[PDB]
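Q: just the structure for this:
(9 chains)
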Amino acid sequence: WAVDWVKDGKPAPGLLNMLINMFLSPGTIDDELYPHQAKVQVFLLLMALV
Amino acid sequence: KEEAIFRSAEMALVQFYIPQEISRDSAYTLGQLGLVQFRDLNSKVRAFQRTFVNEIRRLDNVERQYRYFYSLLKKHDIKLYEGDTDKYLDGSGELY
Amino acid sequence: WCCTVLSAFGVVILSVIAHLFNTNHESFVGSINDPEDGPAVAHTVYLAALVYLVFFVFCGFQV
Amino acid sequence: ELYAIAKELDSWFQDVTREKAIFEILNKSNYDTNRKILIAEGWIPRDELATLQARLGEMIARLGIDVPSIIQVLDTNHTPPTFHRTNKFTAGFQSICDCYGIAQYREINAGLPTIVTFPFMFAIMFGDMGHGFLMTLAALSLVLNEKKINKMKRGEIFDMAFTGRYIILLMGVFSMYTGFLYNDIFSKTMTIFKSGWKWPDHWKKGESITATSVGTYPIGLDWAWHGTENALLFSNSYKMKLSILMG
Amino acid sequence: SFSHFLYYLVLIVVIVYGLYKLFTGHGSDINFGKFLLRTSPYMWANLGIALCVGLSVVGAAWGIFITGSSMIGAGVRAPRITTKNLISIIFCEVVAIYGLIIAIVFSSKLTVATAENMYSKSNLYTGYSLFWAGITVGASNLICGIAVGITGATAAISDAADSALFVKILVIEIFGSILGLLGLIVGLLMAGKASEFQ
Amino acid sequence: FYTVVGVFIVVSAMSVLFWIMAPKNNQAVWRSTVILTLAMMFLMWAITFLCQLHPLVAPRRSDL
Amino acid sequence: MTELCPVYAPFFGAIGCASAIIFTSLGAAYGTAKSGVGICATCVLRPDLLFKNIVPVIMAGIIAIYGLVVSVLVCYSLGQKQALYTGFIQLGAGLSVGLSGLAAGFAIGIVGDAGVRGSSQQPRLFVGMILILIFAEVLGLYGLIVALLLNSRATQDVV
Amino acid sequence: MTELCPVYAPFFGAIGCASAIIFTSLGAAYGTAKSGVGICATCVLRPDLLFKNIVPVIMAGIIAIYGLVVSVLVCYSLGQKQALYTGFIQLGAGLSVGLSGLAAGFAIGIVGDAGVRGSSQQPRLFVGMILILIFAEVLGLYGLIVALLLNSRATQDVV
Amino acid sequence: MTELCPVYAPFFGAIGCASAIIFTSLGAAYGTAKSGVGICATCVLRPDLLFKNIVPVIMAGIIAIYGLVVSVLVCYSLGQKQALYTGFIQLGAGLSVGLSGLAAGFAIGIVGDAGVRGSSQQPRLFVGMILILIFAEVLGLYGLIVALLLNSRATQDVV
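A: Residues are numbered from 1 along each chain as shown, chains lettered A, B, ... in the order given. Below, you will see the structure:
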């Protein structure tokens, strides 16, 4: 919500999409939320699984 | 200077050194405080070997006469007339 | 017995929506499907409010 | 004689009911006939030991029993029960919370957060101003007459609602809030606050008209959303996210 | 059961066939309307006239033994009930009378159309009207026959108890027969307006 | 827009004020319940405003 | 009548969107019926345990909640010009969630009846009954997650 | 017949409208039948709570009202020039509400029977009966929500 | 759409992905419901042994895990212009994992309730219970590898 998406120019992810997209693999498919936002979360995922 | 609903209140197990003679008054008042339970004691034996059996049976008998009064009174054309006064005193009365 | 609360609500709520009709409010009147005449339906709903006021007066017999 | 006895019979019954419990309780005390100085134990609130000792001493002085009365605290190896000094403000919430299960010996009783969360969780589910307001009036019907209803049989007219006077009141005021923040007196949306989306000022007889985000509606869902073909989608996405975040 | 598995097989094969046609793009090739139009309306009309009387007779006979068997069983203890209850059988077979009348009035309507000519609106309407008017009359007759048979059996049992009980239960039979009258009237109303097979 | 942070500041100030000025008797219940009312009210208002902060969809209809 | 967007495309979408609520509703109804029979049987004898014992019916209502969420989510992707892919995926998601919820409803009802019966006599079977109901509910949760994935890509870069 | 508006489009909308009342009427019929059987069977011993136990039949009547409202509104949605898509969603709404109502009616019947059996024997079970009947009703309520949302969606942006 | 990749190709994939979770859910639900009836019947005598005799329900949980993981992977394998071959093979994988899990679930349920009934009496039967549960879970395990290895070739060198 915080970022005005269309004015921001970068694509706006779906309403409830990013996490279920992430379920696949650390290779974030597309439409990153923020710089490395879809990338650094692999750290949280690996922390949970370990 | 008392506990609140923040968590379970500070419990305590205190030992009642009740004098034998004054036991009835002590129990009556202690129950009047509405503040104490009694830990289950000497319950390993059956219910008809208690030291209190005779007073229990006579008072239950008394409650039966009172019920018989109430039944015949309901049969007759009359009802209770002092319900309000008795309940208020015994509800949240003081130590007296 | 129960008609008292119904009469009171039929005063208050029916009156506020009555005035909100009479105010030619978009959410209630002016749409393609609703009746276009604001004050016209406002008159009959005000009459309903008045008859509920009388009904509330009648139900005030609880005393 | 029946008219005479009827006056005291009602009070006599509630008087005589005392000794049954009295002797059933001192039954646990193990007062042997040969034994003297009866010895027994019971659960007390720790913060009331001094006051119960004072009351017992006052009674002993009143009873004239020359022998003093003493009491000592044991080593509580056994788990003592859990207590909550709830007032009528929150007794209903506490009881409803503990219906699921009595608390652990000293744990953080879940009643206290539920006091507020349960009414608001209900309200975020309920929404409407009008229905909440009528049910709040119903709650007031028992809150205001609490003195009268306390001494009149609950029966099937109220039943479990006998204690629900304050629960229903708080969920009703939270229903008020959810109405302010969902903007619907019953179903219909209200429009006191500043105008939201400005759909284009020129419209055809039956044209499909979008809207312009000229600003943000300050309090709650924008009233401009009402009646629109995208209203259901917008509101649903909104309140999915609201539900998951609050949860 | 093997029969239930047969129903499952039929359902799955018809569903898969329909899906196959839809996906290959010939969903129109399963044209129910074309099938209705091309089949001869004579077939519908005659199936209707046959089935109206057939179902009327089936319901009549069903109610006849339903009432009669219990009537004979109750008559064993007291044969006072036989003649006085035969009215239940009479009201059961008035349903068959209705079926016969609807059959004859329908057979007033069949005839030869001018070859492929007049294979059009009038005769098609007449064919479908005759078909499901016959189905209406026959099925309504069958079901009211079932109802009147059950009520007549109950009336027999009650008559075995008391005389006046039979006459107070006969109203149940009358109410049951109203269903057959309604079936007759609806069949006549919704069938008559169609002309003959010009 | 995005004054939700400032509204958080003001509701936090109110929460701290009520935290210090608890009712004299039965302090714990007021203490917990009022501050949690305020916090939960603020959160649910925060979502209901943040949704319309920069919306991705617009109302659409064919009605006057 | 586009090749990728045939006119009969939204039939599957509508069927899936409905089935997502029908099958979940059937599962929830069977669950609450069995659980309610259990509740009545235990509470005619042990009235006080009623409110405490109401949870299995809640967990039956879970299936209905899941059906509602998946149905409305599928509906928001409906469209007259929608491609055959979209209808296909909505149909699949609806069937998946609905039948998963139906299985969850069977499990919920059966174990709710059994656990209510058991807790009628013995006091601390309730926790185990609750956790078994938890597993029965999480079954429907897996169904819902699958349905959400399908619906999430129901309109992903669809031609 | 427009390619997007075939002549046989009204079939699906009409059958949806029909099912929307047919299936809910079957469900309410079963619910009322089982509930009333229980009522008359168990209150004969003790009659005074007949009016109290009337309630499950009231719930079944609410189910019938649910079917009535969905059916009347989808009727309001019917037309001649309607698009195949419109017929598809009307059919979907009708089936959703009808079958959800059928499930709700099964729940009403079973729960009401068990509840009245218990309530005639023990009074405090009445409140729990009320609660379960509410749940068996909100099942069909969810079905109604799905159906009304569908048949609202069945008209906009239609060519 | 080309005849290599027909417009209806995603139907098989969608129905396979649905049916995988559907059938594993039915199998796991039957297993957990029936074994939970067993648990409720046994723990009224032996409440303490609940935490030990709980295993078969968890094993049905692993069956559900199998179903979800296969379903989500084969769902990620979808796509509008997917090759007919991909749809066929992924339908095969979905049905394989689903029905293998269904058979495994029947085995888990029957073995589990019988074993817990027996172990109510005798303690050393617990290890045999567990052993038979693994030798039944290997069925869903085989389904897991079969479905995964089908998925591996689902798009390997596909055109």
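Q: dump the residue contacts of the residue nearest to residue D:14 when sequence neighbours are not counted.
A: Once flanking residues are discounted, residue D:14 sits nearest to residue B:86: 5.1 Å by C-beta to C-beta, 6 or more residues apart in numbering or on different chains. To be clear about C-beta, it is placed using only N, CA and C from the backbone, and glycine gets the same treatment. By C-beta atoms under 8 Å, 6 or more residues apart in numbering or on different chains, the contact list for residue B:86 reads D:10-11, D:14-15.
Q: in the strand or helix carrying residue E:60, which residues are buried?
A: For residue E:60, the host element (DSSP states H and E) is helix E:41-77. Neighbour-count burial for helix E:41-77 flags E:41-42, E:44-49, E:51-64, E:66-68, E:70-71, E:74-75 (criterion: 16 or more other C-beta atoms under 10 Å in any protein chain shown).
Q: elements contacting the helix or strand just after that helix?
A: Once helix E:41-77 ends, the next helix or strand along the chain (criterion: DSSP H and E) is helix E:81-107. Counting contacts by 3 or more C-beta pairs under 8 Å, 6 or more residues apart in numbering or on different chains; DSSP states H and E, helix E:81-107 is packed against helix E:41-77, helix E:121-161, helix E:163-192.
Q: packing partners of the first one?
A: Meaning helix E:41-77. If you count contacts as 3+ C-beta pairs under 8 Å, 6+ apart, helix E:41-77 packs onto helix E:81-107, helix E:121-161.
Q: winner for burial among the ones you listed?
A: Counting by mean count of other C-beta atoms under 10 Å in any protein chain shown, helix E:121-161 has the highest mean neighbour count of the helices and strands packed on helix E:41-77, with a mean of 23.
Q: centre of the chain to that one, how far?
A: Centre-to-centre, helix E:121-161 and its host chain are 5 Å apart (C-alpha atoms, centre = their mean, to the nearest Å).
Q: which helices and strands sit right next to it?
A: helix E:41-77, helix E:81-107, helix E:163-192.
Q: if I look at residue D:138, how far off is chain C?
A: According to C-beta to the nearest C-beta, to the nearest Å, residue D:138 and chain C sit 9 Å apart.
Q: for the longest helix along chain C, packing partners?
A: Criterion DSSP state H: the longest helix present in chain C is helix C:38-59. On a contact count with 3+ C-beta pairs under 8 Å, 6+ apart, helix C:38-59 meets helix C:3-22.
Q: tilt between the helix it packs on and helix C:38-59?
A: Taking axes from the mean of the first three to the mean of the last three C-alpha atoms, to 10 degrees, one finds helix C:3-22 and helix C:38-59 inclined to each other by 160 degrees.
Q: what sits up against stretch G:77-85?
A: For stretch G:77-85, the surrounding residues in contact (C-beta under 8 Å, 6+ apart) are G:2, G:4-6, G:9-10, G:12-14, G:17, G:86, G:90, G:151, G:154-155, G:158-159, H:4, H:83, H:85, H:89, H:153, H:157-159, I:7-8, I:10, I:80.
Q: enumerate every residue touching residue 46.
A: Reading this off chain A. Residue A:46 touches nothing, counting by C-beta under 8 Å, 6+ apart.
Q: you looked at the wrong chain, it should be chain D
A: Counting by C-beta under 8 Å, 6+ apart, residue D:46 has contacts B:9-12.
Q: among the residues you listed, which lie within strands?
A: Counting by DSSP state E, the part of these found in strands is B:11-12.
Q: for the longest helix belonging to chain A, buried residues please.
A: Taking DSSP H as the criterion, chain A has its longest helix at helix A:37-49. The neighbour-count check on helix A:37-49 (16+ other C-beta under 10 Å) flags A:38, A:41 as buried.
Q: so which strand or helix has residue D:72?
A: Counting by DSSP H and E, residue D:72 is part of strand D:70-73.
Q: so who does the residue nearest the centre of chain B touch?
A: Residue closest to the mean C-alpha point of chain B, counted by C-alpha atoms, centre = their mean, is residue B:31 at 6.2 Å. Shown in contact with residue B:31 (C-beta under 8 Å, 6+ apart): D:18, D:21-22, D:25.
Q: hey, where'd the helices end up in chain G?
A: G:9-45, G:49-52, G:55-75, G:84-121, G:126-152.
Q: centre of the chain to the fourth one, how far?
A: When you say that, I think you mean helix G:84-121. From the chain centre to the centre of helix G:84-121 is a distance of 5 Å (C-alpha atoms, centre = their mean).
Q: next, the angle from that helix to helix I:84-121.
A: Here the directions of helix G:84-121 and helix I:84-121 differ by 0 degrees (the same axes, to 10 degrees).
Q: please apply the same query to the third one.
A: Direction vectors for helix G:55-75 and helix I:84-121, defined by the same axes, to 10 degrees, enclose an angle of 180 degrees.
Q: is there any residue in helix G:55-75 that contacts chain F?
A: No: contact of helix G:55-75 with chain F is not found when judged by C-beta under 8 Å from any C-beta of the partner chain; the minimum separation is 15.2 Å.
Q: CA atoms of that helix as CSV?
A: Presented in CSV, the C-alpha positions along helix G:55-75 are these (Å, rounded to 0.1, in the frame of the first residue of the first chain):
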residue,chain,number,x,y,z
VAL,G,55,-15.9,-26.1,18.9
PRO,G,56,-16.4,-29.0,16.4
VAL,G,57,-19.4,-27.2,14.9
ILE,G,58,-17.2,-24.1,14.5
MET,G,59,-14.6,-26.2,12.7
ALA,G,60,-17.4,-27.5,10.5
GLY,G,61,-18.2,-23.8,9.7
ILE,G,62,-14.6,-23.5,8.6
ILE,G,63,-15.4,-25.4,5.5
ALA,G,64,-18.2,-23.0,4.7
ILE,G,65,-15.9,-20.0,5.3
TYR,G,66,-13.4,-21.5,2.9
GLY,G,67,-16.0,-22.1,0.3
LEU,G,68,-17.1,-18.5,0.6
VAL,G,69,-13.6,-17.1,0.2
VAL,G,70,-12.7,-19.3,-2.8
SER,G,71,-16.0,-18.6,-4.4
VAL,G,72,-15.8,-14.9,-4.2
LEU,G,73,-12.1,-14.9,-5.3
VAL,G,74,-13.0,-17.0,-8.3
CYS,G,75,-15.9,-14.7,-9.1
